[PDB]
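Peer 1: Need coordinates for the following:
(9 chains, ligands or ions: 13)
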Amino acid sequence: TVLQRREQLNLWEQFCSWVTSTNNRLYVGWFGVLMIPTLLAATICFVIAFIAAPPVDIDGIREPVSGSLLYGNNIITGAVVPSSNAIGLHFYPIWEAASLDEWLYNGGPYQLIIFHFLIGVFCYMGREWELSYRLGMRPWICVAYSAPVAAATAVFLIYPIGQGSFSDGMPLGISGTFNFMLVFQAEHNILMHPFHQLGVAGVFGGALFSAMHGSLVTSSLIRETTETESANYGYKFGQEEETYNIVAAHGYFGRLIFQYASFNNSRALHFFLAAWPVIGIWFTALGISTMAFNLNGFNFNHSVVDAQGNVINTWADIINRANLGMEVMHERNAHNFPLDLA
Amino acid sequence: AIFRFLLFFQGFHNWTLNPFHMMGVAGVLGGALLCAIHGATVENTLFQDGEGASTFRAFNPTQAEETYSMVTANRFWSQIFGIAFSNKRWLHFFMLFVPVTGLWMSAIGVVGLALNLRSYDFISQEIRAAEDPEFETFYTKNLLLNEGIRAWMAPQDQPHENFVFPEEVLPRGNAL
Amino acid sequence: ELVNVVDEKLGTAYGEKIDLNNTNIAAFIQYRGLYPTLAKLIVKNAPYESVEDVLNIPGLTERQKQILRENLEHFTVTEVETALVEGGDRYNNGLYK
Amino acid sequence: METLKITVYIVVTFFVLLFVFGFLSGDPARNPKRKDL
Amino acid sequence: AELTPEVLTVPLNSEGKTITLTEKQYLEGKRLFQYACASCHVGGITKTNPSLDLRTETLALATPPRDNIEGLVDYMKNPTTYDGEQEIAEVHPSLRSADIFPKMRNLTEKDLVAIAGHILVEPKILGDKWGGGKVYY
Amino acid sequence: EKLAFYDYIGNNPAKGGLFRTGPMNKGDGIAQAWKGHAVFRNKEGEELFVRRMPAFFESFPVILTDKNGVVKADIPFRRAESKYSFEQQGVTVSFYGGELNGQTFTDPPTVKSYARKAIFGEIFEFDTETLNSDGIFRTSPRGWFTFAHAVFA
Amino acid sequence: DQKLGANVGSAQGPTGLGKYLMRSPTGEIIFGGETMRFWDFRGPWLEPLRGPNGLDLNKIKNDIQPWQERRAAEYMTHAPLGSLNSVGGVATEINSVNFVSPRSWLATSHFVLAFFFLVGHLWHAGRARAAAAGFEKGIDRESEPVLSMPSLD
Amino acid sequence: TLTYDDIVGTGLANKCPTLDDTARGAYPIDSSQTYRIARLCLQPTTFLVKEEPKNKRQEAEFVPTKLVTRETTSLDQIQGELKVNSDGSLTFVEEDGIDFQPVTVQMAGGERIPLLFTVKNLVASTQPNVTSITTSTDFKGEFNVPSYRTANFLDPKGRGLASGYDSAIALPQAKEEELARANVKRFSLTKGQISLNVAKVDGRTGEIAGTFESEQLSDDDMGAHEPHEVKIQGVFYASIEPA
Amino acid sequence: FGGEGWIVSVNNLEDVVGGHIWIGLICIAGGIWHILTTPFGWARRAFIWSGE
Ligand code: CLA
Ligand code: CLA
Ligand code: CLA
Ligand SMILES: CCCCCCCCCCCCCCCC(=O)OC[C@H](COP(=O)(O)OC[C@@H](O)CO)OC(=O)CCCCCCCCCCCCCCC
Ligand code: HEC
Ligand SMILES: CC1=C(/C=C/C(C)=C/C=C/C(C)=C/C=C/C=C(C)/C=C/C=C(C)/C=C/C2=C(C)CCCC2(C)C)C(C)(C)CCC1
Ligand SMILES: CCCCCCCCCCCCO[C@@H]1O[C@H](CO)[C@@H](O[C@H]2O[C@H](CO)[C@@H](O)[C@H](O)[C@H]2O)[C@H](O)[C@H]1O
Ligand SMILES: CCCCCCCS[C@@H]1O[C@H](CO)[C@@H](O)[C@H](O)[C@H]1O
Ligand SMILES: CCCCCCCS[C@@H]1O[C@H](CO)[C@@H](O)[C@H](O)[C@H]1O
Ligand SMILES: [Ca+2]
Ligand SMILES: [Ca+2]
Ligand SMILES: [Cl-]
Ligand SMILES: [Cl-]
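Peer 2: Numbering: from 1, shown residues only, chains lettered A, B, ... in the order given. Ligands and ions are numbered 1, 2, ... in the order given. Take a look at the structure below.
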């Protein structure tokens, strides 16, 4: 009781020193204390469910969809299927079910996985801050990673909340992802939404700029090798000198376009490489998260009208015909009334 | 017009199912990932090379020294992700390799679609579903969406065919 | 063998006229004066052995009987088909516009 | 199901308490430079 | 194609008298139809009861006939079921129920005539698209 | 029969699939004989024509027009408002030439089955057992050659 | 449909669940169709129809007032769905109705603002930590922490 | 006494009303007065499914099953005429109510058995000479079991009865005879049987309660496969009132 | 989660008004507290103390 509190207190401090140690092969940290169990729980349940789960009544109409490999799927068609529309947004842990058999029929695995997964990646983001602080780095890698985290959160949590059901969250599978995208286009015209267009500029541009930056640095590597060696051996890990001639690279790119379209400042250049895809993904995540509340893409259906009043179709009206085809066919047994209002 | 082209390729070619398009997607998204992560990593392993709180001025184009710490960046990603770049030349070649290879793979898939040589179906799926009306997957769900796209979009999208689809033949689920 | 009973019914008078024993209630909008008052009475009091039995629905007004006689030429009767009358489908068959 | 519920509640409480008391245990000072925060 | 006086000439009553609407009348009727009616009747259908539409052939078979200006103006004052048997002002906007459907307040006779003219002219422009629903979008 | 066989969409090289492997016979079957030319008529005796499937379409509805392109019959999806069903329109099919020469069918399911084949063009009898054919179209060497060489190029 | 004569309690929908009325997972009587997900909804126009076990079939048959029919119709046709250019309706709607619900405008604006304020929290929290510790401007070349650490392997 | 907010989410909404242990009385029947059942409630407590053995001579047994569709199973708000017959027996003629529930139960080994648990169009009669309903009164009757899916229901390949494709469109040149049973949808209509054993009677209020056993076929997936035989046991409640 | 909804479920003005009585008194009490006190040791060691 007396000095025993100090033997407990230094033991706590030893644990804190181990948790926050810069010398663990994989950094643990306080965020890792939450991240490690939740990612393991989500991974284990996902792998078992993807292989072996029985069919799931995703749309609450006693029409179970098979997602697992053992129940007739391959890698492309398989999924962990979202929880039942009868559940809606209700919290459905294992212990709310009368049995594992019931839990499986109703899509319990989906909720367990997405909730542990989302805790896990939020803590993964915090952990990226934490290690940078322990290493004496600047802190903002976690801000770049907030873009994919925002996007995952949009499709697994925000969109279900707005629509009132985790049955409308993105399925954990390849063909289930495409299903989510197609129904999303039918119900929100996401292609005509400027935040998704920014998303596309973000990833098309990110891929462009990745190839550009990669090619320009590779183009100006300083000769340190013979023709029978990979040029990669011309760089030694941790060397102080830069390994390419950025003056040569800038001299190329400034003539490819014009001088002032080219970065000569490596810090400005690398900030741009970070900001462009990150901002594009932020906006497309916000697109999903605001179409979650049914503020949808631009609607120019029948916007062009002739002198008499006849509609003159545009390409927007052709898009509308494709959206209609998906609208009228999706969840073909689930609607009883004329409007799909969520 | 391009958005229409995307949806045409879904409804008629089932192009999302095509592994060459999937490799294209991986290269585009992987390239955007590399763009973001590399830019962010450089900007957050910078050496303090000036006194300003805005750090862009502390770089000199003719300088010999790296402006950021490869050693600290490598340890960070090794401990966060398990692996990290150690070779700056490999890093920048890989940033070329990934999106360039992805776009090349997507082009190969489109060449197949020129001939309607689609990844449209999985035969084993169709044999099972035809014989077993309780068997349903996300793959069969998406084909129904495709069948809707074709029937609802073709009369206006392919006017030279003079399609007239009486309302009774249009595929539709309940109510909608 | 195996037969789709709805397609088969399209080959009977059901495919040509309003079948008082089977057709969904929205079809009564095709002719003047039948919807919704008479349409409801007709569906509720089905089935009918012959079209003229529709005139015997208890409680009809004299005007309603005259309206019905004017529209007997647009009516038919065939045997009740379970697939068309279950599910409340005569009142809402899942078709809108 | 009741036993599983209580078990998970304890497990979650355990890790959350580690997280909270961990970050309370003078975390500003756990850095390589100014350890007197 | 043009919005001509012949297009704008519609039946006034059930006895065959016509009226030629002005282009201003038609455009006012279209604006007022959007203001008070399109929330349920966009494109000539009826969202809360899709069995009944605003096609001229449908209006012609309503009781009393609604395929003319006076019939439609009367409907906007005192709406009935399709067979005329029940008055439905309590659940359908009208001058009679403007206390509970406030968008009908301040609607004049001229306003109702304009709305009716829009309903009769629109299928002359759009054909089966009017009252057709999404199949025709 | 060789001329009729060219007028059949199962020999169109734009009807295949990238992973539908092997000979065309593995799909629709080994062709045995021309069934003859199907002539569809309604109860009024007007000749009707099945709208053929364009290469773009994996599936296609069954719609029949008169010689002027007016729709006269179809196979409906929703039945409750069907106006053009083969049952309502009294559609029959008679065959001229081939195996079924001189035969007329009036049973609506049988007439509809032949109409489904007519969207493919001329109608053939196939051996589907020898190769365990799966009924799904494949491309020809013309298609496979073109694909490989455009890709390699 | 009840006005037309439907017995809405016994009406079986295409799936086997009630077309109009069904049970929540804990037994309460609720509206059917996709709106099964929304059975937690409560509103003054609906609650008069609710009893201890959920929606009350007797009250549904006998006690629905015209003001309730009006309100339900009004709310059905002012659902919070619409386009960025304020075309009310589903995404396939034609132009006609100028409407986006205040709830959509207020929910979307504040999600966007709340999200960027979380980004700003991370930005400024990370920067404040780095600045208090003295490395917000970068790594000291002469005293780089990682160079004094043991290698990971 | 309890309100919706007292009940919501508890599972009580899927339970039928009960009567006290003291309700062992007798409800007098006046043969000159007309009667109705104002509310009939059926709450299943066990679903049994008859096994289908390989040996056509081994007598098959009903085995227990696991409910996987949660507390969505009870029939309630059922009403109808309660006729007094010439011989003093009573005949209940079901008119309306929440008289069906889709139910899926699971056999040992995982096989799922969907069924339309129902008393649709029930006509059930007592023994003769029921001058009062007592804990000795029984009802026996038959009801209709319509197809578990109704005519619009589309299978995963879009095929249906009153809507949908009529062929396997993903197999355009397959032979159709082998797929006829999957392609050509059929609408089942069969008979079920039920017994109600009155165990409690409140003679003052006209309320009765007891146990039921019903037998009916399960879902046949619109003709695609043979249905199973199901036995449902549970409790019932009914309030009788003069009409 | 669904059917509960945390504070978003408040469904009557008596709870709304009474909640603001509590928040008002809590905030006034907390404000008085912080005018009269300085941060405890455990708080001093847990936070960063700077404008940013
Ligand atoms: C010019 C090339 C060519 C073409 C056009 C044909 C054409 C044909 N062949 Mg022949 N064949 C060839 C070369 C070719 N062959 C070669 C080289 C061999 C030895 C292996 C054969 C052995 C052969 C046999 C044994 C048979 C045929 C048969 C056939 C017929 C069916 C073809 C089929 O199903 O393809 C299917 C095509 C595919 C499934 C496409 C494969 C796509 C590959 C796997 C993509 C790989 C992508 C790669 C991994 C990505 C890397 C990315 C990275 C860089 C990042 C068709 C007429 C069949 C026949 O009917 O015989 C009578 C038959 O039985 N061929
Ligand atoms: C909480 C904020 C908010 C919300 C919910 C609304 C909502 C509304 N406004 Mg109001 N308004 C606001 C703030 C807001 N406004 C502000 C700040 C101004 C001064 C400009 C106005 C001035 C104003 C006028 C003059 C009018 C409205 C009108 C309206 C209605 C129609 C809006 C519309 O069509 O927008 C169209 C949508 C856009 C223009 C979208 C812009 C999206 C921005 C650019 C997103 C990016 C911002 C992001 C947070 C920054 C990212 C940082 C970095 C990463 C780049 C709708 C009810 C109209 C109305 O009907 O009045 C009765 C109207 O006439 N508003
Ligand atoms: C803007 C409002 C505000 C702010 C910024 C502060 C700030 C502060 N307060 Mg004061 N306080 C306030 C209002 C505020 N207070 C009010 C209104 C009262 C009256 C009740 C008080 C009474 C009060 C007391 C008694 C004390 C403080 C103390 C402090 C200091 C330490 C706070 C801390 O560690 O919290 C962090 C919170 C914890 C460490 C507890 C655990 C939090 C858990 C783990 C997370 C919960 C998250 C969850 C999502 C919350 C929402 C849901 C939940 C309700 C279920 C800090 C300067 C301390 C101090 O040093 O005073 C001199 C102290 O002892 N405050
Ligand atoms: C909390 C901890 C989380 C741990 C999660 C586990 C992470 C696993 C990371 C990848 C390990 C395998 C790396 C092999 C390859 C390997 O060891 O690379 C090591 C290599 C080291 O690069 P250096 O610069 O040292 O090499 C330069 C010269 O050696 C080149 O010759 O790293 C890279 O090339 C970075 C780019 C590749 C990044 C690939 C990421 C792959 C992500 C996973 C994709 C498959 C998913 C399939 C799912 C079914
Ligand atoms: C929704 C709330 C509506 C609004 C707003 C308006 N109308 Fe309507 N309309 C509605 C319904 C449900 C019905 C059917 C009523 C019934 O039980 O019979 C109607 C019907 C009409 C008709 C009759 C159509 C016919 O074929 O006979 C007309 C002419 C009509 N409505 C016109 C109309 C006008 C002019 C409106 C704006 C002022 C209007 N309606 C608003 C539902 C709703
Ligand atoms: C008005 C109203 C109401 C009421 C309300 C109330 C009463 C409220 C309260 C509230 C509250 C009472 C709140 C609280 C909160 C709290 C919080 C929010 C916390 C936070 C925390 C933090 C942030 C921490 C952090 C950390 C950690 C975790 C670790 C260590 C370190 C640190 C410290 C950093 C009602 C609903 C009835 C109705 C309506 C109206
Ligand atoms: C949901 C849970 C709610 C918890 C609410 C907590 C309220 C406040 C109680 C604080 C209790 C923690 O008390 C905190 O513990 C740790 C370890 O014991 C102490 O010790 C810590 O700080 C010192 C000073 O930086 C470090 O050198 C040391 O490495 C570290 O162990 C802190 O100085 C003390 O402030
Ligand atoms: C009696 C109706 C069925 C017989 C005629 C159907 C159209 S023709 C029929 O089609 C099959 C699929 O292509 C072929 O495999 C088969 O050879 C052919 O007989
Ligand atoms: C690591 C163990 C993975 C658990 C395997 C799946 C649950 S157990 C599995 O369930 C099937 C369906 O009910 C049964 O048919 C089968 O006999 C049984 O083994
Ligand atoms: Ca075979
Ligand atoms: Ca007894
Ligand atoms: Cl779907
Ligand atoms: Cl619905």
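Peer 1: hang on, residue H:201 in a strand?
Peer 2: Yes - under DSSP: H, G, I helix; E, B strand; the rest coil, residue H:201 falls within a strand.
Peer 1: For it, name its beta-bridge partners.
Peer 2: Counting by DSSP bridges, residue H:201 forms beta bridges with residue H:24, residue H:208.
Peer 1: quick one: contacts for it?
Peer 2: Applying C-beta atoms under 8 Å, 6 or more residues apart in numbering or on different chains, we find residue H:201 in contact with H:19, H:23-27, H:133-135, H:137, H:207-208. (Each C-beta comes from the backbone N, C-alpha and C, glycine too.)
Peer 1: I'd like those as a markdown table, with neighbour count appended.
Peer 2: Putting the contacts of residue H:201 into a markdown table (neighbours: other C-beta atoms under 10 Å in any protein chain shown) gives the following:
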| residue | neighbour count |
| --- | --- |
| H:19 | 18 |
| H:23 | 18 |
| H:24 | 14 |
| H:25 | 18 |
| H:26 | 15 |
| H:27 | 20 |
| H:133 | 23 |
| H:134 | 15 |
| H:135 | 16 |
| H:137 | 21 |
| H:207 | 21 |
| H:208 | 28 |
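Peer 1: Looking at those residues, which one is closest to chain A?
Peer 2: Checking these against chain A with C-beta to the nearest C-beta, the nearest one is residue H:19 at 26.6 Å.
Peer 1: residues touching that closest one, list them.
Peer 2: Per C-beta under 8 Å, 6+ apart, neighbours of residue H:19: H:200-202, H:207-209, H:237.
Peer 1: what ranges do the strands span in the stretch 1-150 of chain A?
Peer 2: For the stretch 1-150 of chain A, strands defined by DSSP state E, counting those that start in this stretch occupy the ranges A:79-80.
Peer 1: from it, which residue is nearest to ligand 6?
Peer 2: Of all residues in the stretch 1-150 of chain A, residue A:30 sits closest to ligand 6, at 7.9 Å by C-beta to the nearest ligand atom.
Peer 1: where's that residue relative to ligand 5, distance?
Peer 2: The gap separating residue A:30 from ligand 5 is 57 Å, by C-beta to the nearest ligand atom, to the nearest Å.
Peer 1: Hmm, residue D:22 and that residue touching each other?
Peer 2: Yes - with contact defined as C-beta atoms under 8 Å, residue A:30 reaches residue D:22; the gap is 4.2 Å.
Peer 1: if I look at the two, which residues touch both of them?
Peer 2: By C-beta under 8 Å, 6+ apart, the residues touching both residue A:30 and residue D:22 are residue A:19.
Peer 1: So for the two, which sits in the more crowded spot?
Peer 2: A count of neighbours by other C-beta atoms under 10 Å in any protein chain shown puts residue A:30 above the other of residue A:30 and residue D:22, at 24 against 19.
Peer 1: Verify the stated contact: residue B:20 with residue B:103.
Peer 2: No - contact criterion C-beta under 8 Å: residue B:20 and residue B:103 do not qualify, at 10.8 Å.
Peer 1: neighbour-wise, which of those two wins?
Peer 2: Neighbours were counted for residue B:20 and for residue B:103 using other C-beta under 10 Å; residue B:20 has more, 22 against 17.
Peer 1: And the helices in chain A, which stretches?
Peer 2: In chain A, the helices defined using DSSP state H lie at A:4-19, A:29-52, A:100-105, A:108-134, A:141-153, A:159-163, A:174-188, A:194-219, A:246-256, A:266-291, A:315-329.
Peer 1: which one of the ones you listed lies closest to chain H?
Peer 2: helix A:100-105 (4.0 Å).
Peer 1: do the closest one and chain H meet at all?
Peer 2: Yes - counting by C-beta under 8 Å from any C-beta of the partner chain, chain H has neighbours in helix A:100-105: A:101-102, A:104-105.
Peer 1: what about the closest residue to chain F within chain E, how many neighbours?
Peer 2: Relative to chain F, the nearest point of chain E is residue E:135 (11.3 Å; C-beta to the nearest C-beta). Neighbour count for residue E:135, taken as other C-beta under 10 Å: 16.
Peer 1: quick one: which helix or strand includes residue E:41?
Peer 2: For residue E:41, the host element (DSSP states H and E) is helix E:38-41.
Peer 1: From the contacts of residue H:19, pick the one nearest chain F.
Peer 2: Comparing those against chain F with C-beta to the nearest C-beta places residue H:237 closest, at 39.2 Å.
Peer 1: Who does that closest one form a beta bridge with?
Peer 2: Residue H:237 forms beta bridges with residue H:41, residue H:209, as assigned by DSSP bridges.
Peer 1: quick one: it and residue H:39, what's the gap?
Peer 2: Residue H:237 is 7 Å from residue H:39, where distance means C-beta to C-beta, to the nearest Å.
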